[PDB]
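Worksheet: one structure, shown below.
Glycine also receives a Cβ, built like all others from the backbone with ideal geometry; neighbour counts cover every protein chain displayed. Numbers and lists here come from the model and the stated rules, or from a named source; no laboratory read-out is quoted.
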Amino acid sequence: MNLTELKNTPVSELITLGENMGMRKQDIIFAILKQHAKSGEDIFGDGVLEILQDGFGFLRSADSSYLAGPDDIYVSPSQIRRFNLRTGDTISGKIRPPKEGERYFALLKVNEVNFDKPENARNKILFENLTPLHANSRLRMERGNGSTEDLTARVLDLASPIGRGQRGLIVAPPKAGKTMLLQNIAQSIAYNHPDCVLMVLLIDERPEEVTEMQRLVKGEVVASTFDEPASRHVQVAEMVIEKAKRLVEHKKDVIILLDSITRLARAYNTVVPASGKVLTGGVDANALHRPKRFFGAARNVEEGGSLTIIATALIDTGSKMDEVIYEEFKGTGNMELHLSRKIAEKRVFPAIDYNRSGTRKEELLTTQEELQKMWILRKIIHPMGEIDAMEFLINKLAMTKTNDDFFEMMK
Amino acid sequence: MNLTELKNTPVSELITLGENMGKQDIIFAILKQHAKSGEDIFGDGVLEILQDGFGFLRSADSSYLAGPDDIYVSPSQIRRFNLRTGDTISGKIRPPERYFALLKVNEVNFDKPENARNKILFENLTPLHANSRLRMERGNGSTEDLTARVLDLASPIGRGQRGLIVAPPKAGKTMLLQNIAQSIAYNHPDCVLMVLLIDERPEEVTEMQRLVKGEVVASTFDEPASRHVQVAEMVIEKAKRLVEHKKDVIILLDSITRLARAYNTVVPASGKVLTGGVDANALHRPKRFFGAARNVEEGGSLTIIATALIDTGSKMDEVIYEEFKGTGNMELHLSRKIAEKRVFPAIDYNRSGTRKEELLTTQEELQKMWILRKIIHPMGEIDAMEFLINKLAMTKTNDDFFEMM
RNA sequence: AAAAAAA
Ligand SMILES: Nc1ncnc2c1ncn2[C@@H]1O[C@H](COP(=O)(O)OP(=O)(O)O)[C@@H](O)[C@H]1O
Ligand SMILES: Nc1ncnc2c1ncn2[C@@H]1O[C@H](COP(=O)(O)OP(=O)(O)O)[C@@H](O)[C@H]1O
Ligand SMILES: Nc1ncnc2c1ncn2[C@@H]1O[C@H](COP(=O)(O)OP(=O)(O)O)[C@@H](O)[C@H]1O
Ligand code: BEF
Ligand code: BEF
Ligand code: BEF
Ligand SMILES: [Mg+2]
Ligand SMILES: [Mg+2]
């Protein structure tokens, strides 16, 4: 008997279930929960915590993008102090219907904090105190199944490897292939790294891409399409980044696929208080501090776990603002996979700008010979043009299934 | 006895009935005297809900703006049938107090009012990539059909498509859009066709009104930017409402670049101006307007094909174009150099294109276009068109052209 | 003022 489970079940099964026990769907669930409480049986609910300024908080739900919801569960301050709860903590426990003069479900006892024992949460090392590090463990994207879509993943490993705690960017003009390459990444993460906690944050992007993502990726998808205002974009992004930090505090390897980070940066610039100083492109002088901390949240932890963030960025949009945003995030991140519109217009995919792509400290994510082979490959591709580089590399890789066999051919 | 029907009938046909009983005043007198008899009087229009809670049924004669013949709608009626701005309402009215009032509604969006309450709101409809295609080729062998045939090869269009006709001035965008309307009415009469002309030429609406088989809402450049916005808002809301009734709506906008400028001049100064003179918050609403087009899984769809300006010498139009390109999923570019050589359509094949075009084409058609894509790419834009025009001119239809390959 | 524009 769980709240969110009743919200997920179809109306047909809810009406039937209600008739057996003896109005809008929310009323069906509410009436069914009340009747189940009268029997004396226990009721359960869950959601991600958001502590208000007064000291108390609520358990936002994913069906509301972790925003204010009618079925939010009240969490008393005493409960927060007992287990040292903070914004982002996923909470599950027994709940009760609202009494006379109340408007929300109350939390009786917390059973699980971040998919773990509540006693383990009180004693922990905060995310702000975790010792950062460069990416150590390699997150190889290559399927190896010889798939035609795997070509993108294979070229990515050779151009810009990705590790746990990476802080990368898929930079390219509109219609270059950022989203689908991000989707290709999501597929390889679910297959090669089912141990990682996968999250897909969609900010100010196409609505049909939201449903396309949630029915394609094997993970959680939090979205806020361009039908939504900038105020919603920020708040939604804040909840997702904090939930990730909480899981990292439990030594979890979280991966956030953001699209787009340029849109998110514009949103912050829309809600930022005017400072009387504007940068080139119409960017507020204090607007990029928040997005820089959001992107900079991604990091590798020595104590355990990591936070990875692969976000897409826009360039050559005709607006100098997007040039400033991209360059500011490049001085913040440590990995960039560029995609060329010139290559994409020739229908050559993946339209990857090999020379401009790359990853920082890639020697910590590759073997000694793997790095030496990648080093030689770049020296050969560099003199080539953007289009010729991809047509050359794709034709060579298509001959073999894996990059390891491709390397064996080079000798 | 209908209100907007009396407004359509000539004054001569009006005076005939007016004298037997005993232009705006004589209509108001006929409706009033008819009400004295106890007989039913009728009226209609598109609803616009104000801030207080009540609304008015705007007339298509005033471009859905405020009108003396607008019908009053009480808040109880809006709540009764869960009406929202954009709903087409018809029913009995009453003589006024300086405004007619709706007695009871007979049809809500051309359907029983009770059925319009159990519907899902447009914001809750599940979006999707276009799966049903709107083949533009007529295959009649006409010279105008060439335009639609090249379009089917360069950038396919489907239900819920969100595309643009990008080109410099005098490249052939409007005449392209007119060719669109002709194919929409001839190939897909089932679709609700609308043509929204914003800040454009006055002779192009009169030419459109007679050319296209549908509705034409206009707002020439003789009108302020504030009017352009309000007119567009009304049209896009009416489209959303029809999509809520599972209708395949198609809006041919011209121009959306003019619409984006209108918003840019209306939006309050934010203290931040993007490159080209575009306010930092000026393009939000235009994005939601153009981004209204989408394919619905529950049924119906909204397709928007708008023209866009480039190479205007103004960086502003370059920012708007790139912004809409990152919002839509289809573009059909037109070259000024091809148009100056009298080569029509002046389509820039390599620049044009449609996203997820595999969901709109058969596997054979996709491969044919893929090969033809690689062959045309090395050619110059002028040499590309003159090459494709000749090959397509040899045949009446694209299917037989695919057979030559 | 900055942004924009200009360069
Ligand atoms: N002397 C060097 N030898 C090898 N690689 C270097 C050297 N200097 C910089 N790099 C490369 O540059 C990356 C880091 O650049 P960084 O010093 O952060 O530049 P910046 O400080 O200008 O951002 C590393 O991943 C490294 O591979
Ligand atoms: N398919 C066509 N066939 C012949 N002439 C055309 C065609 N398309 C455009 N034109 C020429 O272009 C002129 C109008 O261009 P227009 O459609 O207004 O371009 P834009 O809308 O980009 O300003 C007409 O005078 C016409 O001669
Ligand atoms: N790996 C790929 N294989 C084939 N087509 C691709 C690939 N990546 C992108 N595309 C093409 O790009 C279009 C979508 O581009 P998108 O990913 O939205 O770029 P962006 O996100 O930069 O706007 C699709 O229609 C698709 O045909
Ligand atoms: F149009 Be892409 F999503 F930048
Ligand atoms: F990214 Be570098 F540190 F400027
Ligand atoms: F002059 Be065109 F209508 F852009
Ligand atoms: Mg994208
Ligand atoms: Mg025109």
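Structure values in brief
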read-out: Qualifying positions in segment B:134-154 - of a type in the set (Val, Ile, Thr) and surrounded by 19 or more Cβ atoms within 10 Å (Cβ to Cβ); value: B:147, B:150
read-out: Residue check for residue B:64: in contact with a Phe, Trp or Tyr (Cβ under 8 Å, 6 or more places away or on another chain) and of a type in the set (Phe, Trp, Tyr); value: no
read-out: Some residue of segment B:94-101 being hydroxyl-bearing (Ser, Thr, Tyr) and assigned by CATH to the domain that holds residue B:27; value: yes
read-out: Boolean, residue B:288 is facing chain A (nearest Cβ under 8 Å) and within 16 Å of ligand 7 (Cβ to nearest atom); value: no
read-out: Hey, residue A:301 crowded, with 18+ Cβ neighbours inside 10 Å, on the phi < 0 side of the Ramachandran plot, within 14 Å of chain B (Cβ to nearest Cβ) and more than 16 Å from ligand 5 (Cβ to nearest atom) or not; value: no
read-out: Test: residue A:62 is within 11 Å of residue A:7 (Cβ to Cβ) and of a type in the set (A, V, I, L, M); value: yes
read-out: In segment B:268-289, the residues that are hydrophobic (A, V, I, L, M, F, W, C) and out of contact with any strand residue (DSSP E or B) (no Cβ under 7 Å at 6 or more places or on another chain); value: B:274, B:278, B:282, B:283, B:289
read-out: Residue A:47 surrounded by 14 or more Cβ atoms within 10 Å (Cβ to Cβ) and over 24 Å from residue A:68 (Cβ atoms); value: no
read-out: Residues that are among the charged types (D, E, K, R) and either closer than 10 Å to residue A:65 by Cβ or within 11 Å of another protein chain (Cβ to nearest Cβ) (or both), drawn from segment A:213-248; value: A:215, A:227, A:228, A:232
read-out: Residue list for segment B:82-132, restricted to those being more than 16 Å from residue B:54 (Cα to Cα), touching a helix residue (DSSP H, G or I) at 6+ places or on another chain (Cβ under 6 Å), more than 14 Å from chain A (Cβ to nearest Cβ) and outside any loop (DSSP other than H, G, I, E, B); value: B:108
read-out: Single residue of segment A:198-212 satisfying the filter (in a strand (DSSP E or B) and within 16 Å of ligand 4 (Cβ to nearest atom)) that is farthest from residue A:262 (Cα to Cα); value: A:200
read-out: Identity of the residue in segment B:304-343, within 16 Å of RNA strand C (Cβ to nearest atom) and of a type in the set (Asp, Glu), that ends up surrounded by the fewest Cβ atoms within 10 Å (Cβ to Cβ); value: B:311
read-out: Yes/no for residue B:328 being closer than 23 Å to residue B:131 by Cα, in the same structural domain as residue B:307 (by CATH) and touching a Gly at 6+ places or on another chain (Cβ under 9 Å); value: yes
read-out: Residues (touching a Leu at 6+ places or on another chain (Cβ under 9 Å), within 16 Å of ligand 8 (Cβ to nearest atom) and among the hydrophobic types (A, V, I, L, M, F, W, C)) located in segment B:129-182; value: B:164, B:165, B:166, B:167, B:171, B:176, B:177, B:180, B:181
read-out: Single condition residue B:68 does not satisfy, out of (1) surrounded by 14 or more Cβ atoms within 10 Å (Cβ to Cβ); (2) at negative phi; (3) not β-branched (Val, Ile, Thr); value: (1)
read-out: Number of positions in segment B:193-226 that are in contact with a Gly (Cβ under 9 Å, 6 or more places away or on another chain) and of a type in the set (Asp, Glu); value: 0
read-out: Candidate set from segment A:157-185 (those that are touching a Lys or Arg at 6+ places or on another chain (Cβ under 6 Å) and hydrophobic (A, V, I, L, M, F, W, C)); member that is surrounded by the fewest Cβ atoms within 10 Å (Cβ to Cβ); value: A:172
read-out: Residue check, residue B:257 facing chain A (nearest Cβ under 10 Å) and polar (S, T, N, Q); value: no
read-out: Pick from segment B:337-378, criterion assigned to a loop (DSSP other than H, G, I, E, B) and within 14 Å of ligand 2 (Cβ to nearest atom), ranking: nearest to residue B:127 (Cα to Cα); value: B:348
read-out: Selection within segment A:307-336 - more than 11 Å from every other protein chain (Cβ to nearest Cβ), outside any strand (DSSP E or B) and within 14 Å of ligand 4 (Cβ to nearest atom); value: A:325, A:326
read-out: Failed item in (1) away from every other protein chain (no Cβ under 14 Å); (2) more than 30 Å from residue B:237 (Cα to Cα), with residue B:373 passing the rest; value: (1)
read-out: Selected residue (only one of B:131, B:124 is surrounded by fewer than 13 Cβ atoms within 10 Å (Cβ to Cβ) and within 30 Å of residue B:184 (Cβ to Cβ)); value: B:124
read-out: Subset of segment A:43-71 (residues that are within 21 Å of the chain's Cα centre (by Cα), more than 13 Å from residue A:105 (Cβ to Cβ) and part of a loop (DSSP other than H, G, I, E, B)); value: A:65, A:66, A:67, A:68
read-out: Every pair of residues 6+ apart whose Cβ atoms lie under 6 Å, when the first sits in segment B:162-191 and is part of a loop (DSSP other than H, G, I, E, B) while the second is more than 8 Å from ligand 2 (Cβ to nearest atom); value: B:168/B:310; B:168/B:311; B:168/B:336; B:171/B:336; B:188/B:134; B:191/B:248; B:191/B:250
read-out: Pairs with Cβ under 8 Å, 6+ apart, first in segment A:264-286 and assigned by CATH to the domain that holds residue A:312 and under 18 Å from residue A:239 (Cα atoms), second in a loop (DSSP other than H, G, I, E, B) and within 16 Å of ligand 5 (Cβ to nearest atom); value: A:265/A:288; A:268/A:288
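Here is a yes/no grid of residues against (1) within 14 Å of chain B (Cβ to nearest Cβ); (2) under 15 Å from the mean Cα position of the chain (by Cα); (3) of a type in the set (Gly, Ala, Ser); (4) closer than 27 Å to residue A:239 by Cβ:
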site	(1), (2), (3), (4)
A:142	no, no, no, no
A:150	no, no, no, no
A:161	no, no, no, no
A:167	no, yes, no, yes
A:175	yes, no, no, no
A:183	yes, yes, no, yes
A:203	yes, yes, no, yes
A:206	yes, no, no, yes
A:211	yes, no, no, yes
